[PDB]
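Engineer: A single structure is presented below for examination.
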Amino acid sequence: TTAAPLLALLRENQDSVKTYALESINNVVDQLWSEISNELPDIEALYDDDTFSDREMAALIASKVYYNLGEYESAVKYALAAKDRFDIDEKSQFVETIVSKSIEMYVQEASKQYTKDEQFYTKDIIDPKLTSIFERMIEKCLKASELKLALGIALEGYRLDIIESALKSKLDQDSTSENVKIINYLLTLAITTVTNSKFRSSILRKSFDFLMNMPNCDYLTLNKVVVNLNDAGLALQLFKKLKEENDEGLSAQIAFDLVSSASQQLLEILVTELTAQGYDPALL
Amino acid sequence: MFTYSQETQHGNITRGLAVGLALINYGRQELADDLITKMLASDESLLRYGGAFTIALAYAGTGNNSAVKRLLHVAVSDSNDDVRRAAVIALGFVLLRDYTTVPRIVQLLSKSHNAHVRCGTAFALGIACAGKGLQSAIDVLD
Amino acid sequence: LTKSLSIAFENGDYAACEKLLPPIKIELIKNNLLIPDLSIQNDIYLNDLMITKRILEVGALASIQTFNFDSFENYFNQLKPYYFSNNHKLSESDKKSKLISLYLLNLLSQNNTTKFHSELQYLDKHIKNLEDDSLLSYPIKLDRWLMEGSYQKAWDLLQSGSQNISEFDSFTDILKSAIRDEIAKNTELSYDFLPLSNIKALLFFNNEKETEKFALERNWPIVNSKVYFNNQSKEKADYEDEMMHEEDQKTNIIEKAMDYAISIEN
Amino acid sequence: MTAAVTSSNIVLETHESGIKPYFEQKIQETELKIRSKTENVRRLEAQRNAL
Amino acid sequence: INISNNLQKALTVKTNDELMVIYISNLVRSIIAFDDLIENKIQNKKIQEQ
Amino acid sequence: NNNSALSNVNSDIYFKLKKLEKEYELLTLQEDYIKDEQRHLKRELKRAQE
Amino acid sequence: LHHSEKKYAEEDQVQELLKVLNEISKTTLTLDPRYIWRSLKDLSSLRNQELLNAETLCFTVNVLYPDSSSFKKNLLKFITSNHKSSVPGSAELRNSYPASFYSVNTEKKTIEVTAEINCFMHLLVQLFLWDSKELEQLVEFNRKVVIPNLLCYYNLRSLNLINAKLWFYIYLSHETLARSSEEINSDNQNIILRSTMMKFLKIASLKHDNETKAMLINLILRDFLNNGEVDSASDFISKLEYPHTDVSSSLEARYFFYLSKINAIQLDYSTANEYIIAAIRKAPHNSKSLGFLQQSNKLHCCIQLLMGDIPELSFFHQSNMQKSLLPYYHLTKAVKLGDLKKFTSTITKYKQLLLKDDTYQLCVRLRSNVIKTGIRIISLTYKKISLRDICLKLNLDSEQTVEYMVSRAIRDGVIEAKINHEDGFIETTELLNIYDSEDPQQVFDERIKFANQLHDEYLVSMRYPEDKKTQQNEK
Amino acid sequence: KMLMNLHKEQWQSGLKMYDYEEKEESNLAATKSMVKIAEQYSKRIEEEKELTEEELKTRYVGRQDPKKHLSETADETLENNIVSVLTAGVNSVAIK
């Protein structure tokens with residue numbers, strides 16, 4: 001009824017006793033949380049010591065009580081101190097409480113560090129334990145087979161690498177139409193949300209590359225990349241793919257959108273360039 | 001152009017440069033911030049007239065909170081008629097793609113006791129919902 | 001074995017029981033595992049209830065009769081909250097009467113009256129028409145007297161509790177010191193100066209050496225056998241002004257008007 | 001369409017449900033923020049129009 | 001500050017008058033809204049009728 | 001009957017509704033603006049009476 | 001017979017079903033849908049008693065049941081089985097509903113509306129139990145079914161609002177059974193019940209529903225105090241998670257009453273009194289609120305007596321609740337007149353009364369207050385008085401006795417004096433001059449601050465109905 | 001800057017305090033005034049249960065509306081006295 005008998009065990013010394021005492025609390029740690037909040041410093045001391053095999057447990061009690069109090073900020077330190085037993089949370093609607101705050105924290109923290117230096121994924125600026133918990137949510141979204149989730153979360157926290165793995169696995173041309181549609185959602189998304197200049201640029205040039213790899217794709221979607229970033233080199237590249245096809249009418253359609261859309265100074269470069277590669281005068 | 005606007009003593013010429021400076025910064029975002037600052041900070045009404053449209057073309061088709069707040073702040077705070085009119089026109093270029101929310105924001109400036117402000121209200125809504133329509137503006141403009 | 005703690009009480013050396021508390025604790029884990037600890041109950045666990053009940057209570061009284069500080073405070077702190085909520089439906093013991101008595105005296109020794117009354121309400125439920133006051137009158141009367149301000153009475157009451165001595169004496173010492181301290185807090189505000197002869201009586205000293213030492217710790221000077229409350233009372237006053245809390249707590253008058261203005265303008 | 005007496009998409013929805021609360025949580029904070037923000041925006045406009 | 005204390009309370013009275021006049025206004029808008037929803041039926045019925 | 005679609009919700013949060021959470025900060029910016037406008041027109045009341 | 005009453009009663013249940021359906025399917029406005037549903041329950045409890053009792057089974061078969069019909073039949077046997085004109089083909093249709101659609105949409109499979117049929121089914125159940133006054137098996141049966149179901153959903157805010165009101169009844173039947181029958185089983189499942197409430201309360205943080213949080217807080221605070229542990233209840237409240245968005249006149253009155261009871265027995269009566277005054281204040285004044293008011297009054301007198309300040313005679317006199325406040329009236333008189341022996345008699349004569357209501361523990365500390373109140377009157381009436389005269393007035397033995405009592409009493413500051421055992425008299429220290437202190441600016445500042453609080457509360461409240469109302473259709 | 005500015009005797013006015021006979025007098029006048037037009041206010045909000053907005057303004061007043069006149073005067077003297085205590089408490093601390 002009262003967990004005060006179990007509290008009594010914490011304060012009592014002998015390791016073999018404490019060993020029992022953490023396991024007792026842990027059974028009823030999810031189920032009781034205002035009968036045990038007075039001995040949270042004793043518990044934190046056990047985690048701080050490394051004469052326990054029970055450091056992982058100790059830290060887990062501490063965290064479960066602390067979110068229920070309101071202290072999601074304190075709680076999460078203890079999350080990554082426990083280092084295991086959040087496998088359950090993911091498959092539990094019931095608790096995914098300690099997961100929520102970890103992902104949130106990651107997005108605020110990592111966006112600060114992207115501006116400073118792009119890399120932080122393999123450097124020590126964001127810890128490898130902070131990183132690995134983030135990537136666990138990507139694994140759950142591709143399990144659940146909705147890719148618009150994983151492309152969104154990665155764009156929040158300023159991750160280039162996740163985008164690169166996520167799009168590589170969708171690519172297999174399981175449907176031609178669906179690869180492209182996925183790509184158009186990331187495009188619309190990046191335009192609007194992302195206010196970091198470098199990051200929006202990286203992801204838009206990247207989408208041109210992915211689209212182009214397919215041999216069956218819309219070239220109207222490929223053309224959207226061109227105009228947004230406004231690069232002549234991209235435009236050169238696109239028609240060189242249709243030099244290889246040797247399809248003028250194809251090229252003529254792409255050009256009509258592009259001549260309308262594109263900045264005139266960009267376009268002046270583009271023709272001179274395509275004259276230098278040699279081309280048929282109708283496209284020019 | 002910037003220096004020449006101080007040098008001139010004819011207001012048409014000052015207006016023409018101040019406008020001419022917005023057109024150079026077409027689409028230049030937060031790299032045009034330096035110009036805006038120097039331009040609204042100077043004491044001429046002409047510079048403030050065009051510096052409103054420097055905001056408008058630098059951050060077109062992007063709803064930045066800096067761009068938006070600054071255009072609104074000057075419309076209330078700067079009591080002269082040119083400066084009042086310009087900054088209301090300038091909002092719909094910033095929120096060209098967010099044309100739906102504009103009727104609410106200049107709802108308050110449509111009702112204004114200042115004639116100039118209402119003149120500018122009417123142009124902004126015209127420009128904003130020109131190619132992608134919207135019912136709300138047609139009603140505001142009646 | 002688990003019998004070896006029990007036979008230690010019956011040798012009448014409770015120091016030995018204490019020394020067997022770590023080595024048997026490790027074995028008592030196997031027995032604590034057997035019993036759900038009042039999470040569920042079954043007649044299975046009634047048989048195990050008897051095994052757990054007896055071990056906890058003989059070490060609980062033992063701890064007390066060992067008058068060394070660690071042996072009294074720590075070990076009884078552990079055993080105490082355990083036994084009355086291990087047992088079924090919030091406690092059915094044979095020693096239940098004695099142990100609740102010890103429960104309340106121990107609260108008082110830690111000197112928190114807040115803790116006493118909090119518990120009194122929880123005990124109340126299981127004595128309502130089912131024990132009431134029998135020997136459990138003793139700690140409620142002590143607390144009542146210190147609230148009523150009958151420090152005369154409280155003193156006689158602790159002493160006559162050693163006419164039925166069994167471990168009442170381990171609680172009597174802490175509370176003799178305590179009584180002196182409560183008076184010292186009341187009698188700051190009740191004198192500007194009072195004689196040596198009048199204070200001696202109040203704090204229940206039998207001799208001069210006991211009287212003068214308690215006066216010095218409270219920074220009350222004794223001159224020509226007169227003890228002065230003016231020294232502590234002035235001293236405390238300056239230490240408050242030295243510290244920072246007091247600009248906002250008092251509220252500065254200039255700041256009050258600023259708040260008046262800006263509410264209207266908001 | 002969907003049923004517990006047909007396909008649920010062979011209990012995908014259970015797993016999904018487990019990673020739902022982080023996604024929802026921030027939208028419920030935003031829900032409560034809209035209720036206040038809205039009311040303040042039109043409160044000021046009434047007051048603005050009257051002066 | 002006693003004179004100010006009272007003056008701040010004497011404006012709560014002014015505000016309190018407004019709150020009630022708006023909760024009355026809202027009450028009339030409710031009645032208006034129901035009356036129209038009834039009236040659409042009468043105009044629907046008039047076309048079938050004639 | 002029974003069941004729905006839980007992917008229909010999850011999809012809308014990252015896509016459409018993220019854009020709209022940002023849009024709700026642009027109406028919040030409106031609030032700060034008309035806080036000054038409302039005070040500015042109090043100053044203009046003083047001047048029209050004088 | 002059979003066909004007559006059940007069909008008639010069924011007509012109202014159909015109309016009721018749609019009231020819930022239409023608000024939630026178009027998304028709630030929070031406070032407004034909520035209120036309607038409360039009005040709905042006033043009607044349902046009456047109808048459930050009236051016109052047999054198989055009105056619901058007749059209905060259960062009409063609506064899409066997934067398995068709900070099994071649980072119904074078991075409720076029914078206890079109050080005598082009925083089952084004719086509640087079978088298929090004489091109570092079944094799957095048409096006349098937009099709540100279950102037409103037959104063709106059920107067949108083809110479509111989206112769940114079986115959630116709201118279920119929640120609403122569970123309403124009729126919770127209702128059934130209270131109205132008949134069923135005890136024993138039915139308490140276990142209902143609880144064990146209903147709660148797994150509420151977690152087989154997707155934990156939607158629309159469905160949280162409705163099912164939150166189900167929690168009150170789940171809790172009532174558990175306590176009733178526990179009070180009637182003293183048994184090991186009831187002790188055992190109480191640990192399950194606290195556990196469950198905390199579990200839901202976490203879920204409803206995530207999903208941010210303020211009603212589910214307000215109701216779950218009040219039930220479990222009440223439970224801890226019935227078993228008498230202060231400490232668990234106190235620890236819980238100082239996490240400061242009570243909502244104020246969806247809360248009600250009753251709901252906030254209830255919270256405050258818990259706050260009173262905790263802080264008084266923790267020996268701080270200023271902080272306890274703050275809450276109880278708030279509790280009476282929120283609550284309506286009716287013959288249906290009678291219970292709540294009645295208990296609030298009882299607690300109030302004693303909290304006040306513990307300070308050493310006395311309630312007025314008009315309180316009790318003009319009460320319609322005065323013949324239960326008669327031990328409490330004598331508490332007032334006995335403390336005030338300072339007589340040791342009246343007090344002794346009062347709590348012995350009225351011991352069963354005081355102990356029934358749980359107020360007997362605070363009456364023990366009121367023993368102290370007899371002395372304390374009597375010494376106070378004496379400080380008011382006499383400024384200089386010998387130690388001797390005081391000992392005769394309260395009937396005390398020694399000079400020494402009075403001097404221990406008085407000092408402690410002015411540690412608290414109740415009496416407002418200082419002892420002079422240098423000349424053998426007690427001197428009263430109250431000398432006023434409070435408008436000549438610096439404190440009055442500070443006294444006005446708190447009042448000013450309360451008037452600013454109403455100024456905010458007026459402005460923000462006013463506009464909140466008005467957004468919706470300008471959007472509402474009008475001629 | 002030349003027009004707006006009024007020398008170093010512009011800031012001078014803002015730390016000056018005045019005869020308290022005139023301050024106490026100012027307070028009483030305003031105070032008394034709000035009793036008298038607040039009997040007019042009592043009449044107004046006793047009634048006002050009858051339709052036609054214009055008709056309300058003739059009958060129970062709404063032309064030189066009592067609620068409105070009181071509110072302005074109440075605010076005016078309330079603002080003065082916030083100033084009077086601020087400017088006083090400033091000088092007390094500042095100069096000594």
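Please note that chains go A, B, ... in the order of the structure tokens, that every chain numbers its residues from 1, and that ligands are numbered from 1 in the order shown.
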Can you list, as a ChimeraX atom specification, every protein, DNA or RNA residue that comes within 9 Å of residue B:121 when you count only C-alpha atoms, leaving out same-chain residues fewer than 6 positions away?
Structural biologist: /B:85,88-89,106-107,109-110,141
Engineer: Next, the residues of the selection above should be written as a PDB file, in the first residue's frame with N, CA, C and O atoms.
Structural biologist:
ATOM      1  N   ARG B  85       1.675  55.203 -46.954  1.00  0.00           N
ATOM      2  CA  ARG B  85       0.968  54.536 -48.088  1.00  0.00           C
ATOM      3  C   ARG B  85       1.777  53.341 -48.618  1.00  0.00           C
ATOM      4  O   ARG B  85       1.180  52.320 -48.930  1.00  0.00           O
ATOM      5  N   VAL B  88       2.015  49.813 -46.622  1.00  0.00           N
ATOM      6  CA  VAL B  88       0.863  48.950 -46.723  1.00  0.00           C
ATOM      7  C   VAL B  88       0.931  48.252 -48.084  1.00  0.00           C
ATOM      8  O   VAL B  88       0.653  47.082 -48.100  1.00  0.00           O
ATOM      9  N   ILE B  89       1.309  48.880 -49.203  1.00  0.00           N
ATOM     10  CA  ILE B  89       1.419  48.310 -50.592  1.00  0.00           C
ATOM     11  C   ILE B  89       2.408  47.167 -50.578  1.00  0.00           C
ATOM     12  O   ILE B  89       2.187  46.106 -51.176  1.00  0.00           O
ATOM     13  N   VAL B 106      -4.713  43.566 -42.889  1.00  0.00           N
ATOM     14  CA  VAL B 106      -4.885  44.953 -43.210  1.00  0.00           C
ATOM     15  C   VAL B 106      -6.304  45.312 -43.035  1.00  0.00           C
ATOM     16  O   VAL B 106      -6.738  46.350 -43.532  1.00  0.00           O
ATOM     17  N   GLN B 107      -7.047  44.419 -42.278  1.00  0.00           N
ATOM     18  CA  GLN B 107      -8.451  44.648 -41.950  1.00  0.00           C
ATOM     19  C   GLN B 107      -8.561  45.852 -41.133  1.00  0.00           C
ATOM     20  O   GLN B 107      -9.462  46.699 -41.188  1.00  0.00           O
ATOM     21  N   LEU B 109      -6.255  48.308 -40.999  1.00  0.00           N
ATOM     22  CA  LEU B 109      -5.861  49.474 -41.804  1.00  0.00           C
ATOM     23  C   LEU B 109      -6.802  49.899 -42.891  1.00  0.00           C
ATOM     24  O   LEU B 109      -6.723  50.969 -43.348  1.00  0.00           O
ATOM     25  N   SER B 110      -7.807  49.030 -43.247  1.00  0.00           N
ATOM     26  CA  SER B 110      -8.889  49.374 -44.108  1.00  0.00           C
ATOM     27  C   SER B 110      -9.774  50.318 -43.332  1.00  0.00           C
ATOM     28  O   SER B 110     -10.232  51.285 -43.963  1.00  0.00           O
ATOM     29  N   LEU B 141     -12.559  45.248 -50.578  1.00  0.00           N
ATOM     30  CA  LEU B 141     -12.300  46.283 -51.479  1.00  0.00           C
ATOM     31  C   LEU B 141     -13.621  46.936 -51.820  1.00  0.00           C
ATOM     32  O   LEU B 141     -13.606  48.014 -52.382  1.00  0.00           O
TER      33      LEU B 141
END
Engineer: Enumerate as a list in words the residues belonging to chain H that approach chain E to within 7 Å, with only C-alpha atoms taken into account.
Structural biologist: residues 67, 71, 74, 78 and 81 of chain H
Engineer: Keeping only N, CA, C and O atoms, take the residues you just selected and write them out as a short mmCIF file (atom, residue, chain, number, x, y, z; two decimals), in the first residue's frame.
Structural biologist:
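Written out: again-v2.cif:
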data_model
loop_
_atom_site.label_atom_id
_atom_site.label_comp_id
_atom_site.auth_asym_id
_atom_site.auth_seq_id
_atom_site.Cartn_x
_atom_site.Cartn_y
_atom_site.Cartn_z
N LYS H 67 -21.96 56.64 -17.04
CA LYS H 67 -20.94 55.63 -16.89
C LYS H 67 -19.70 56.13 -17.52
O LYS H 67 -18.66 55.91 -16.94
N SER H 71 -16.03 57.48 -15.70
CA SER H 71 -14.88 56.65 -15.95
C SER H 71 -13.67 57.51 -16.29
O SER H 71 -12.59 57.29 -15.76
N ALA H 74 -12.45 59.51 -13.03
CA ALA H 74 -11.91 58.53 -12.12
C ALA H 74 -10.46 58.15 -12.52
O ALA H 74 -9.59 58.00 -11.72
N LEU H 78 -6.81 59.25 -10.68
CA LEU H 78 -6.11 58.03 -10.38
C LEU H 78 -4.69 58.13 -10.97
O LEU H 78 -3.73 57.81 -10.21
N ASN H 81 -2.31 60.71 -9.08
CA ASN H 81 -1.98 60.42 -7.75
C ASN H 81 -0.94 59.30 -7.78
O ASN H 81 -0.20 59.16 -6.82
#
Engineer: For a test of reading the model, state the distance in Å between atom CA of residue F:36 and atom CA of residue B:103, rounded to one decimal.
Structural biologist: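 Spanning atom CA of residue F:36 to atom CA of residue B:103 is a straight-line distance of 19.7 Å.
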Engineer: Name the residues in contact with stretch 30-43 of chain C at a cut-off of 12 Å, using only C-alpha atoms, excluding same-chain residues fewer than 6 positions from it; report them as an MDAnalysis selection string.
Structural biologist: (chainID A and resid 1:6 9 16:17 20:21 23:25 27:28) or (chainID C and resid 1:2 24 49:56 82:91) or (chainID G and resid 183:192 195)
Engineer: Mind giving me the straight-line distance from atom CA of residue C:213 to atom CA of residue C:188 in Å, one decimal?
Structural biologist: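 Atom-to-atom, atom CA of residue C:213 and atom CA of residue C:188 are spaced 16.8 Å apart.
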Engineer: Can you pull out every residue within 8 Å of stretch 25-29 of chain D, counting only C-alpha atoms, but drop anything in the same chain fewer than 2 positions away, and send it as a count of residues only?
Structural biologist: 10
Engineer: Tell me which protein, DNA and RNA residues are within 8 Å of residue A:107, counting only C-alpha atoms, leaving out same-chain ones fewer than 6 positions away, and put them as a VMD selection string.
Structural biologist: chain A and resid 156 to 158
Engineer: Would you output that residue set with C-alpha atoms, as a PDB file, in the first residue's frame?
Structural biologist:
ATOM      1  CA  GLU A 156      13.890  19.958 -38.559  1.00  0.00           C
ATOM      2  CA  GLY A 157      17.088  19.073 -36.830  1.00  0.00           C
ATOM      3  CA  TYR A 158      19.225  19.930 -39.853  1.00  0.00           C
TER       4      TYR A 158
END
Engineer: Using only C-alpha atoms, determine which residues of chain D fall within 7 Å of chain A; present them as a PyMOL selection string.
Structural biologist: chain D and resi 12+15-19+21-22
Engineer: Which residues of chain G are close to chain E, meaning at most 8 Å apart when you count only C-alpha atoms, and how do they look as a list in words?
Structural biologist: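 Result, ordered by chain then number: residues 441, 444, 445, 447, 448, 451, 452, 454, 455, 458, 462, 465, 466, 469, 472, 473, 474 and 475 of chain G.
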Engineer: Output the contact residues of chain A with respect to chain G at a cut-off of 7 Å, based on only C-alpha atoms, as a PyMOL selection string.
Structural biologist: chain A and resi 1+31-32+34-35+69+94
Engineer: Distance atom CA of residue B:20-atom CA of residue B:65, one decimal place?
Structural biologist: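 Computed distance, atom CA of residue B:20 to atom CA of residue B:65, equals 24.3 Å.
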Engineer: Using only C-alpha atoms, select each residue of chain C with any atom at most 12 Å away from an atom of chain E, and give the selection as a PyMOL selection string.
Structural biologist: chain C and resi 253+256-257+260-261+263-264
Engineer: Check stretch 123-301 of chain G with DSSP on the backbone and list each residue it calls alpha helix (DSSP H), as a ChimeraX atom specification.
Structural biologist: /G:123-132,137-149,157-163,167-180,184-188,190-206,210-226,230-237,249-264,269-282,290-301
Engineer: Quick one: which residues from chain B are at most 9 Å off chain D, using only C-alpha atoms, as a ChimeraX atom specification?
Structural biologist: /B:108,111-112
Engineer: Write out as a ChimeraX atom specification which residues come within 9 Å of residue H:69 when counting only C-alpha atoms, dropping same-chain ones fewer than 5 positions away.
Structural biologist: /H:34,37,64,74
Engineer: For those residues, write N, CA and C atoms to a file as a compact mmCIF listing (two decimals), in the first residue's frame.
Structural biologist:
# COMPACT_ATOMS: atom_id res chain seq x y z
N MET H 34 -17.96 62.11 -8.28
CA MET H 34 -18.34 60.78 -8.77
C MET H 34 -19.41 60.26 -7.92
N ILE H 37 -22.87 61.96 -9.92
CA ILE H 37 -23.28 61.51 -11.27
C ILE H 37 -23.34 60.01 -11.20
N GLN H 64 -24.58 62.17 -22.87
CA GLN H 64 -23.73 62.61 -21.81
C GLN H 64 -23.84 61.59 -20.69
N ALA H 74 -12.45 59.51 -13.03
CA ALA H 74 -11.91 58.53 -12.12
C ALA H 74 -10.46 58.15 -12.52
Engineer: For chain B versus chain A, which residues have an atom no more than 9 Å away, and what is each residue's nearest atom pair and distance in Å rounded to one decimal, using only C-alpha atoms, chain-then-number order, as JSON lines?
Structural biologist:
{"residue": "B:62", "atom": "CA", "partner": "A:192", "partner_atom": "CA", "distance": 7.8}
{"residue": "B:63", "atom": "CA", "partner": "A:192", "partner_atom": "CA", "distance": 8.8}
{"residue": "B:64", "atom": "CA", "partner": "A:195", "partner_atom": "CA", "distance": 8.7}
Engineer: Can I get the selection written as a compact mmCIF listing (two decimals), in the first residue's frame, with N, CA, C and O atoms?
Structural biologist:
# COMPACT_ATOMS: atom_id res chain seq x y z
N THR B 62 8.29 35.13 -49.38
CA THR B 62 8.75 34.52 -48.21
C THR B 62 8.23 35.37 -47.06
O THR B 62 8.46 36.58 -47.03
N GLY B 63 7.42 34.75 -46.15
CA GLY B 63 6.86 35.35 -44.95
C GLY B 63 7.84 35.40 -43.81
O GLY B 63 7.91 34.44 -43.09
N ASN B 64 8.77 36.41 -43.79
CA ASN B 64 9.78 36.47 -42.76
C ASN B 64 9.13 37.47 -41.76
O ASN B 64 8.44 38.38 -42.18
Engineer: Quick one: of G:328, G:292, G:37, G:218, who's nearest to residue G:304, counting only C-alpha atoms?
Structural biologist: G:328
Engineer: What are the DSSP strand (DSSP E) residues of stretch 38-240 of chain C, as an NGL selection string?
Structural biologist: :C and (194-195 or 222-223 or 226-227)
